[PDB]
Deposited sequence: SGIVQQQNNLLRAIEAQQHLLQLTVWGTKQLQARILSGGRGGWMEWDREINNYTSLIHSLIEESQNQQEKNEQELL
């Protein structure tokens, strides 16, 4: 199915962008150290990112499950 094949493509790109995104956050934090933010000034910022990250992994997780289920049924 070209439609089902496209979903897989979109999901994949999203997963790859998630790595890229996590690589960019890491890079940003390294800069933050050397530099200097305000001591704890970025705590909530960091917290918000972990919230989205966790949500994202969750969604990707459900999507991968839905992907296998759409490939057998549809």
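Segments lacking C-alpha coordinates (deposited sequence numbering, starting at 1): According to the record, the gaps fall at 35, 76.
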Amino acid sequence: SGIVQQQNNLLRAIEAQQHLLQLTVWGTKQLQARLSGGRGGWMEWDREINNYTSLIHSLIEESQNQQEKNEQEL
From here on, numbers count along this sequence of modelled residues.
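30 to 38 versus 44 to 52 - greater average Cα B-factor per the deposited record: In the deposited entry, the stretch with the higher C-alpha B-factor mean is 30 to 38.
For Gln72, the third of its chain into which the C-alpha B factor falls: Highest third of the chain for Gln72's C-alpha B-factor.
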